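What follows is the content of my_file-v2.cif (mmCIF, C-alpha atoms).
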```cif
data_work
#
loop_
_atom_site.label_atom_id
_atom_site.label_comp_id
_atom_site.auth_asym_id
_atom_site.auth_seq_id
_atom_site.Cartn_x
_atom_site.Cartn_y
_atom_site.Cartn_z
CA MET A 1 -5.32 -18.64 20.01
CA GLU A 2 -1.65 -17.67 19.83
CA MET A 3 -1.11 -17.20 16.10
CA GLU A 4 2.24 -19.00 16.30
CA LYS A 5 0.50 -22.23 17.33
CA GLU A 6 -2.28 -21.59 14.83
CA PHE A 7 0.53 -21.23 12.28
CA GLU A 8 2.17 -24.59 13.00
CA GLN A 9 -1.27 -26.25 13.07
CA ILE A 10 -2.11 -24.95 9.59
CA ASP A 11 1.38 -25.75 8.30
CA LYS A 12 1.47 -29.34 9.53
CA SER A 13 -2.04 -29.99 8.19
CA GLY A 14 -1.28 -28.11 4.95
CA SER A 15 -4.63 -26.30 4.91
CA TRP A 16 -3.53 -22.83 3.80
CA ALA A 17 -5.69 -22.97 0.67
CA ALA A 18 -8.73 -23.89 2.77
CA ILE A 19 -8.18 -21.05 5.27
CA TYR A 20 -7.73 -18.51 2.47
CA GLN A 21 -10.90 -19.57 0.67
CA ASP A 22 -12.87 -19.12 3.93
CA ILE A 23 -11.69 -15.49 4.00
CA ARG A 24 -12.70 -14.98 0.37
CA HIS A 25 -16.17 -16.39 1.15
CA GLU A 26 -16.81 -14.20 4.20
CA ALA A 27 -15.42 -10.95 2.71
CA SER A 28 -17.62 -7.88 2.27
CA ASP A 29 -19.29 -7.01 -1.03
CA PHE A 30 -20.17 -3.33 -1.50
CA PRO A 31 -20.98 -1.41 -4.70
CA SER A 32 -18.28 0.07 -6.96
CA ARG A 33 -20.56 1.91 -9.40
CA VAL A 34 -18.30 4.91 -10.06
CA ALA A 35 -15.32 2.70 -11.01
CA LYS A 36 -17.45 0.98 -13.67
CA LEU A 37 -18.77 4.09 -15.48
CA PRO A 38 -17.67 4.12 -19.15
CA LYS A 39 -15.82 7.45 -18.79
CA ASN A 40 -13.43 5.74 -16.32
CA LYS A 41 -12.34 2.65 -18.25
CA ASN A 42 -8.83 4.04 -18.99
CA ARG A 43 -8.39 4.92 -15.27
CA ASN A 44 -8.42 1.26 -14.15
CA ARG A 45 -5.53 -1.14 -14.68
CA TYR A 46 -7.54 -4.35 -14.03
CA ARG A 47 -11.24 -4.96 -14.77
CA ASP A 48 -11.69 -7.02 -11.60
CA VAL A 49 -10.05 -4.63 -9.07
CA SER A 50 -12.12 -1.55 -8.17
CA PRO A 51 -12.54 0.78 -5.13
CA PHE A 52 -15.84 0.56 -3.26
CA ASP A 53 -17.95 3.71 -3.57
CA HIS A 54 -18.19 4.23 0.19
CA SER A 55 -14.40 4.35 0.79
CA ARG A 56 -12.95 5.63 -2.52
CA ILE A 57 -10.63 8.67 -2.57
CA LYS A 58 -12.18 11.61 -4.43
CA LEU A 59 -10.05 14.00 -6.46
CA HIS A 60 -10.84 17.69 -5.79
CA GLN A 61 -11.93 18.59 -9.32
CA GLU A 62 -15.42 19.12 -10.75
CA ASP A 63 -14.57 17.42 -14.08
CA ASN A 64 -14.08 13.80 -13.02
CA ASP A 65 -13.21 12.99 -9.42
CA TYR A 66 -12.32 9.34 -9.96
CA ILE A 67 -9.08 7.52 -9.06
CA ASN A 68 -8.58 3.81 -8.31
CA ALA A 69 -7.68 4.31 -4.62
CA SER A 70 -9.29 3.46 -1.24
CA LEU A 71 -9.07 4.82 2.35
CA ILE A 72 -8.44 1.98 4.85
CA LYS A 73 -9.34 3.43 8.31
CA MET A 74 -8.34 1.22 11.28
CA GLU A 75 -10.23 2.51 14.32
CA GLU A 76 -8.72 0.51 17.22
CA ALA A 77 -5.16 0.73 15.86
CA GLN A 78 -5.53 4.46 15.10
CA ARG A 79 -3.84 4.12 11.70
CA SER A 80 -5.08 5.01 8.19
CA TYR A 81 -3.70 4.00 4.77
CA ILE A 82 -4.50 4.87 1.14
CA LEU A 83 -4.16 1.76 -1.08
CA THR A 84 -4.00 2.38 -4.85
CA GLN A 85 -3.00 0.72 -8.13
CA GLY A 86 0.30 1.46 -9.84
CA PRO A 87 -0.24 4.64 -11.85
CA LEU A 88 -1.09 4.34 -15.59
CA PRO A 89 0.21 6.59 -18.40
CA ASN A 90 -3.08 8.56 -18.20
CA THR A 91 -3.25 8.76 -14.35
CA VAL A 92 0.21 9.89 -13.22
CA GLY A 93 -1.10 13.46 -12.81
CA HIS A 94 -4.11 12.21 -10.81
CA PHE A 95 -1.78 10.22 -8.54
CA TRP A 96 0.29 13.27 -7.51
CA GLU A 97 -2.90 15.37 -7.20
CA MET A 98 -4.12 12.83 -4.61
CA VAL A 99 -0.81 12.88 -2.68
CA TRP A 100 -1.07 16.71 -2.57
CA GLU A 101 -4.78 16.93 -1.61
CA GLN A 102 -4.61 14.24 1.11
CA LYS A 103 -1.46 15.79 2.72
CA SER A 104 0.53 12.55 2.57
CA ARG A 105 4.20 12.55 3.68
CA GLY A 106 5.27 9.20 2.18
CA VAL A 107 4.65 6.96 -0.86
CA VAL A 108 5.37 3.20 -0.45
CA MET A 109 6.07 1.25 -3.71
CA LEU A 110 6.29 -2.58 -3.52
CA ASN A 111 6.86 -3.48 -7.22
CA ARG A 112 9.37 -2.80 -10.00
CA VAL A 113 8.32 -0.83 -13.10
CA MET A 114 8.96 -3.96 -15.22
CA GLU A 115 8.35 -7.48 -13.86
CA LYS A 116 8.00 -10.76 -15.78
CA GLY A 117 8.92 -8.86 -18.98
CA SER A 118 5.87 -6.56 -18.85
CA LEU A 119 5.11 -3.06 -17.56
CA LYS A 120 3.50 -3.08 -14.08
CA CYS A 121 3.22 0.72 -13.64
CA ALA A 122 4.34 3.96 -15.25
CA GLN A 123 7.73 5.58 -14.54
CA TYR A 124 6.01 8.25 -12.42
CA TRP A 125 8.95 9.97 -10.65
CA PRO A 126 12.12 11.61 -12.04
CA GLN A 127 15.37 9.64 -12.20
CA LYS A 128 17.81 12.59 -12.44
CA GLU A 129 18.03 15.78 -10.36
CA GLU A 130 18.34 18.05 -13.40
CA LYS A 131 15.38 16.48 -15.32
CA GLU A 132 12.23 17.39 -13.39
CA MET A 133 8.69 16.30 -14.34
CA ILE A 134 5.72 18.59 -15.01
CA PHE A 135 2.14 17.23 -14.91
CA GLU A 136 0.20 19.73 -16.97
CA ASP A 137 -3.29 18.29 -16.45
CA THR A 138 -3.03 18.79 -12.65
CA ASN A 139 -0.49 21.69 -12.50
CA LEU A 140 2.21 20.00 -10.41
CA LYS A 141 6.02 19.90 -10.62
CA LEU A 142 8.09 17.03 -9.17
CA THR A 143 11.89 17.14 -8.62
CA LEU A 144 14.32 14.45 -7.44
CA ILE A 145 16.28 15.88 -4.46
CA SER A 146 18.34 12.85 -3.34
CA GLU A 147 18.46 9.05 -3.63
CA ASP A 148 19.78 6.38 -1.20
CA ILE A 149 20.12 2.93 -2.83
CA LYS A 150 20.42 -0.04 -0.45
CA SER A 151 20.52 -3.78 -1.05
CA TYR A 152 16.79 -4.43 -0.48
CA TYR A 153 15.18 -0.98 -0.92
CA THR A 154 15.79 2.58 -2.12
CA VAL A 155 14.68 5.80 -0.38
CA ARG A 156 14.22 9.01 -2.37
CA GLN A 157 13.60 12.59 -1.29
CA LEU A 158 11.22 14.39 -3.69
CA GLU A 159 9.93 17.97 -3.95
CA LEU A 160 6.30 18.42 -5.02
CA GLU A 161 5.26 21.95 -6.03
CA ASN A 162 1.68 23.12 -6.52
CA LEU A 163 2.26 25.41 -9.52
CA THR A 164 -1.03 27.23 -8.84
CA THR A 165 0.13 28.53 -5.43
CA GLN A 166 3.92 27.88 -5.47
CA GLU A 167 3.69 25.98 -2.20
CA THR A 168 6.22 23.14 -1.95
CA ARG A 169 6.33 19.99 0.15
CA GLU A 170 8.87 17.25 0.77
CA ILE A 171 7.63 13.74 -0.12
CA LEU A 172 9.55 10.57 0.83
CA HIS A 173 9.51 7.64 -1.68
CA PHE A 174 10.07 4.21 -0.07
CA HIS A 175 10.75 1.64 -2.81
CA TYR A 176 11.03 -2.06 -1.89
CA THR A 177 12.92 -3.45 -4.89
CA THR A 178 13.44 -7.16 -4.15
CA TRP A 179 10.04 -8.88 -3.97
CA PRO A 180 10.44 -11.88 -6.35
CA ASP A 181 8.73 -12.02 -9.74
CA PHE A 182 6.93 -15.22 -8.60
CA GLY A 183 5.83 -16.22 -5.09
CA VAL A 184 6.74 -14.49 -1.81
CA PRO A 185 10.10 -13.91 -0.04
CA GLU A 186 11.59 -16.85 1.83
CA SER A 187 12.31 -14.78 4.97
CA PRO A 188 10.32 -11.75 6.20
CA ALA A 189 13.47 -10.17 7.62
CA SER A 190 14.05 -7.66 4.83
CA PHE A 191 10.33 -6.75 4.50
CA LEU A 192 10.12 -6.04 8.26
CA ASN A 193 13.32 -3.95 8.14
CA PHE A 194 11.66 -1.91 5.35
CA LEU A 195 8.43 -1.46 7.36
CA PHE A 196 10.43 -0.14 10.31
CA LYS A 197 12.25 2.37 8.05
CA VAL A 198 8.91 3.71 6.85
CA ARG A 199 7.72 4.00 10.48
CA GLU A 200 10.88 5.81 11.58
CA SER A 201 10.36 8.49 8.91
CA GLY A 202 7.07 9.80 10.35
CA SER A 203 5.15 8.84 7.23
CA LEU A 204 2.67 6.62 9.14
CA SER A 205 2.03 9.03 11.98
CA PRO A 206 -1.10 11.08 12.73
CA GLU A 207 0.52 14.47 12.15
CA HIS A 208 0.46 13.72 8.40
CA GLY A 209 -2.20 12.60 5.93
CA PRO A 210 -2.39 8.84 5.25
CA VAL A 211 0.55 7.10 3.59
CA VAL A 212 -0.10 6.15 -0.07
CA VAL A 213 0.85 2.49 -0.71
CA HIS A 214 0.80 0.62 -4.02
CA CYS A 215 1.99 -2.37 -6.05
CA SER A 216 0.54 -3.23 -9.49
CA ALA A 217 -3.14 -3.79 -8.50
CA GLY A 218 -2.87 -2.30 -5.01
CA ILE A 219 -4.29 -5.35 -3.17
CA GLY A 220 -1.70 -8.12 -2.82
CA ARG A 221 1.75 -6.96 -1.67
CA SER A 222 0.06 -3.69 -0.59
CA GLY A 223 -2.37 -5.63 1.60
CA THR A 224 0.52 -7.54 3.20
CA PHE A 225 2.20 -4.25 4.21
CA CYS A 226 -0.80 -2.68 5.96
CA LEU A 227 -1.99 -5.98 7.54
CA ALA A 228 1.43 -6.59 9.12
CA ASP A 229 1.76 -2.99 10.34
CA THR A 230 -1.71 -2.90 11.95
CA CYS A 231 -1.33 -6.34 13.62
CA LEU A 232 2.03 -5.38 15.20
CA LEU A 233 0.60 -2.07 16.49
CA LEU A 234 -2.39 -3.86 18.08
CA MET A 235 -0.01 -6.30 19.83
CA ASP A 236 1.77 -3.20 21.28
CA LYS A 237 -1.45 -1.59 22.52
CA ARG A 238 -3.42 -4.48 24.07
CA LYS A 239 -3.05 -6.09 27.49
CA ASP A 240 -3.08 -9.56 25.88
CA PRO A 241 -1.11 -9.60 22.59
CA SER A 242 -2.11 -13.23 21.89
CA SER A 243 -5.67 -11.93 21.41
CA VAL A 244 -4.78 -10.34 18.04
CA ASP A 245 -6.55 -12.36 15.31
CA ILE A 246 -4.94 -11.76 11.91
CA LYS A 247 -7.86 -13.27 9.97
CA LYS A 248 -10.28 -10.92 11.76
CA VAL A 249 -8.07 -7.88 11.08
CA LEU A 250 -7.86 -8.85 7.40
CA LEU A 251 -11.65 -9.15 7.14
CA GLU A 252 -11.99 -5.69 8.76
CA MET A 253 -9.62 -4.20 6.16
CA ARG A 254 -11.61 -5.90 3.32
CA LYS A 255 -14.60 -3.75 4.35
CA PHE A 256 -12.61 -0.87 2.76
CA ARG A 257 -10.95 -2.44 -0.35
CA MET A 258 -11.68 -5.74 -2.11
CA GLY A 259 -9.19 -8.55 -2.58
CA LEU A 260 -6.49 -7.71 -0.02
CA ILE A 261 -4.05 -10.65 0.11
CA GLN A 262 -4.25 -12.35 -3.33
CA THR A 263 -2.96 -15.88 -2.63
CA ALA A 264 -2.63 -18.44 0.15
CA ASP A 265 1.14 -17.92 -0.04
CA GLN A 266 0.67 -14.20 0.72
CA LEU A 267 -1.52 -15.12 3.71
CA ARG A 268 1.13 -17.46 5.12
CA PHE A 269 3.82 -14.82 4.55
CA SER A 270 1.74 -12.26 6.47
CA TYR A 271 1.53 -14.62 9.46
CA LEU A 272 5.29 -15.22 9.31
CA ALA A 273 6.03 -11.49 9.22
CA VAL A 274 3.83 -10.72 12.24
CA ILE A 275 5.20 -13.66 14.25
CA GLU A 276 8.81 -12.63 13.61
CA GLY A 277 8.11 -8.92 14.01
CA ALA A 278 6.49 -9.49 17.41
CA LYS A 279 9.93 -10.63 18.60
CA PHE A 280 10.74 -6.91 18.73
CA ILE A 281 7.37 -5.45 19.78
CA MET A 282 7.14 -7.46 23.02
CA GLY A 283 10.67 -6.18 23.63
CA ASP A 284 13.22 -8.06 21.56
#
```
Could the structure of this file be written out as structure tokens, please?
Amino acid sequence: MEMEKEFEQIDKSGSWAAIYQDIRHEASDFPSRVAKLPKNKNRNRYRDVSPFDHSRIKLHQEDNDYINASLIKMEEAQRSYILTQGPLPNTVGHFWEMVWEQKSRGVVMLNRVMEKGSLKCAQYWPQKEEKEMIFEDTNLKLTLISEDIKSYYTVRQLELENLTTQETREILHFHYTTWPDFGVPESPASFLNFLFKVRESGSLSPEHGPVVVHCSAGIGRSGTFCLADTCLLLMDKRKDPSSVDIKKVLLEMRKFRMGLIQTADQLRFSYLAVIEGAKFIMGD
């Protein structure tokens, strides 16, 4: 069923809450035993959001290999993503260790450091060229190279140095700064423009490790980003684009991380973004 007609059907009948609860009921449940070990309690932002054991990213250290991060591997679309929580005061060094070890080119941030008067993640990158950051627990140095501030997003060029080997790499930071404190955006136009800027940079392409994407919990806004990207790519690849079923793609992604898409409003917004984005994919 053409999702656009499915969309109007759900909208006229006002059944978004019912659709979303069906997804929650059918979603996978896999163990997350490592996330729940007592030694890891200060590595998790939220008690109820954990990576599954089978898909979690492992840090390359014998001490404690745990980080709240999951590998979403989309086999038909030939795309992979790492979805993670906003870094905590005690995990900023782990976060950059993961970016280094997984050979990522880009980091996608969908939240502000402070929202609703409260801290939603650590200030984990440097704000001035001449004031670099050193992460002593993981032996990394991070320097701000340049910053481009636009009306709906900011793009930063960063230099990450492995102090053990003195190798350096360029990391691109894509920061969507205008998601509202409550609800979802009224129009998907600026979110789609942002997605296309990330694509154009190479950060989503197979010559690099997976993009790292996060918000505060790494499931809601972050889930919207990867769901929209994968659905638009599948519409490009298939003979019949109307065969792409967004609910089925979402359930596939929930095999790899729990809770993706947190509200019925986020589900509706994801539909809107794919419907409007397809009016470029099919040619427009």
Need to verify the contact set: residue 37 (chain A), 12 Å, all atoms listed in the file, exclusion of same-chain residues closer than 6 positions in sequence. Can you return it as a PDB file with C-alpha atoms, in the coordinates of the input?
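Done, and the output landed in out-v2.pdb:
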```pdb
ATOM      1  CA  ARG A  43      -8.390   4.920 -15.270  1.00  0.00           C
ATOM      2  CA  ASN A  44      -8.420   1.260 -14.150  1.00  0.00           C
ATOM      3  CA  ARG A  47     -11.240  -4.960 -14.770  1.00  0.00           C
ATOM      4  CA  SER A  50     -12.120  -1.550  -8.170  1.00  0.00           C
ATOM      5  CA  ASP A  53     -17.950   3.710  -3.570  1.00  0.00           C
ATOM      6  CA  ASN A  64     -14.080  13.800 -13.020  1.00  0.00           C
ATOM      7  CA  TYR A  66     -12.320   9.340  -9.960  1.00  0.00           C
TER       8      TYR A  66
END
```
Suppose you want the space between CA of residue 73 (chain A) and CA of residue 178 (chain A); what is it in Å?
->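 Computing it gives 28.0 Å between the two atoms.
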Selected by the PyMOL selection byres ((chain A and resi 137-151) around 8) in the shown coordinates: which residues, as a PyMOL selection string?
-> chain A and resi 93-94+96-97+125-129+131-136+152-164
Got time to write the residues from that selection, C-alpha atoms, as a short mmCIF file (atom, residue, chain, number, x, y, z; two decimals), in the frame of the given file?
```
data_model
loop_
_atom_site.label_atom_id
_atom_site.label_comp_id
_atom_site.auth_asym_id
_atom_site.auth_seq_id
_atom_site.Cartn_x
_atom_site.Cartn_y
_atom_site.Cartn_z
CA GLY A 93 -1.10 13.46 -12.81
CA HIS A 94 -4.11 12.21 -10.81
CA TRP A 96 0.29 13.27 -7.51
CA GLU A 97 -2.90 15.37 -7.20
CA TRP A 125 8.95 9.97 -10.65
CA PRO A 126 12.12 11.61 -12.04
CA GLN A 127 15.37 9.64 -12.20
CA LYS A 128 17.81 12.59 -12.44
CA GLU A 129 18.03 15.78 -10.36
CA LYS A 131 15.38 16.48 -15.32
CA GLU A 132 12.23 17.39 -13.39
CA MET A 133 8.69 16.30 -14.34
CA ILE A 134 5.72 18.59 -15.01
CA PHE A 135 2.14 17.23 -14.91
CA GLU A 136 0.20 19.73 -16.97
CA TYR A 152 16.79 -4.43 -0.48
CA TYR A 153 15.18 -0.98 -0.92
CA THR A 154 15.79 2.58 -2.12
CA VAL A 155 14.68 5.80 -0.38
CA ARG A 156 14.22 9.01 -2.37
CA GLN A 157 13.60 12.59 -1.29
CA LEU A 158 11.22 14.39 -3.69
CA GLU A 159 9.93 17.97 -3.95
CA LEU A 160 6.30 18.42 -5.02
CA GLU A 161 5.26 21.95 -6.03
CA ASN A 162 1.68 23.12 -6.52
CA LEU A 163 2.26 25.41 -9.52
CA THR A 164 -1.03 27.23 -8.84
#
```
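Among the candidates A:186, A:265, A:2, A:62, the residue lying nearest to residue 17 (chain A) is A:265 (atoms considered: only C-alpha atoms).
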Could you tell me which residues the PyMOL selection byres ((chain A and resi 19) around 12) grabs in this file, written as a list in words?
-> residues 6, 7, 9, 10, 11, 13, 14, 15, 16, 17, 18, 20, 21, 22, 23, 24, 25, 26, 246, 247, 263, 264, 265, 267 and 268 of chain A
Output for the residues just chosen: C-alpha atoms as a CSV table (one decimal), in the frame of the given file:
```
chain,number,residue,atom,x,y,z
A,6,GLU,CA,-2.3,-21.6,14.8
A,7,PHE,CA,0.5,-21.2,12.3
A,9,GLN,CA,-1.3,-26.2,13.1
A,10,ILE,CA,-2.1,-25.0,9.6
A,11,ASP,CA,1.4,-25.8,8.3
A,13,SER,CA,-2.0,-30.0,8.2
A,14,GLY,CA,-1.3,-28.1,5.0
A,15,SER,CA,-4.6,-26.3,4.9
A,16,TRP,CA,-3.5,-22.8,3.8
A,17,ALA,CA,-5.7,-23.0,0.7
A,18,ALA,CA,-8.7,-23.9,2.8
A,20,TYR,CA,-7.7,-18.5,2.5
A,21,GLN,CA,-10.9,-19.6,0.7
A,22,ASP,CA,-12.9,-19.1,3.9
A,23,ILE,CA,-11.7,-15.5,4.0
A,24,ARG,CA,-12.7,-15.0,0.4
A,25,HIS,CA,-16.2,-16.4,1.2
A,26,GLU,CA,-16.8,-14.2,4.2
A,246,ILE,CA,-4.9,-11.8,11.9
A,247,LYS,CA,-7.9,-13.3,10.0
A,263,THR,CA,-3.0,-15.9,-2.6
A,264,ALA,CA,-2.6,-18.4,0.2
A,265,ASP,CA,1.1,-17.9,0.0
A,267,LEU,CA,-1.5,-15.1,3.7
A,268,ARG,CA,1.1,-17.5,5.1
```
Run through the PyMOL selection byres ((chain A and resi 233) around 12) on the given coordinates and return the selected residues as a PyMOL selection string.
-> chain A and resi 74-79+196+199+204+226-232+234-238+241+244+249+274+277-278+280-282
Among the residues A:224, A:55, A:102, A:111, the one that comes closest to residue 273 (chain A) [using only C-alpha atoms] =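 Smallest distance to residue 273 (chain A) is found for A:224.
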Can you list, as a list in words, every protein, DNA or RNA residue that comes within 12 Å of residue 40 (chain A) when you count all atoms listed in the file, leaving out same-chain residues fewer than 5 positions away?
-> residues 32, 33, 34, 35, 45, 46, 47, 50, 63, 64, 65, 66, 67, 68, 90 and 91 of chain A
In file coordinates, which residues lie within 10 Å of (8.6, -12.7, 6.3) using all atoms listed in the file, given as an MDAnalysis selection string?
-> chainID A and resid 184:192 228 266 268:277
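Straight-line separation from CA of residue 255 (chain A) to CA of residue 27 (chain A): 7.4 Å.
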Residue list as an MDAnalysis selection string for point (3.8, -0.6, -3.7), cut-off 6 Å, all atoms listed in the file = chainID A and resid 108:111 213:215 222
Rank nothing, just name the residue among A:49, A:180, A:60, A:243 nearest to residue 260 (chain A), using all atoms listed in the file.
->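 Among the listed residues, the smallest separation from residue 260 (chain A) belongs to A:49.
Across the model, the gap from CA of residue 212 (chain A) to CA of residue 100 (chain A) is 10.9 Å.
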Distance query residue 216 (chain A) at most 9 Å, all atoms listed in the file, self and fewer than 4 positions along chain excluded, as a ChimeraX atom specification = /A:45,84-87,110-113,120-121,220-222
Go through A:117, A:31, A:210, A:51 one by one, measure the shortest atom-to-atom distance of each to residue 99 (chain A) using only C-alpha atoms, and give the residue with the smallest value.
->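 Closest residue, counting only C-alpha atoms: A:210.
Residue nearest residue 201 (chain A) within the list A:257, A:173, A:248, A:5: A:173 [criterion: smallest interatomic distance, only C-alpha atoms].
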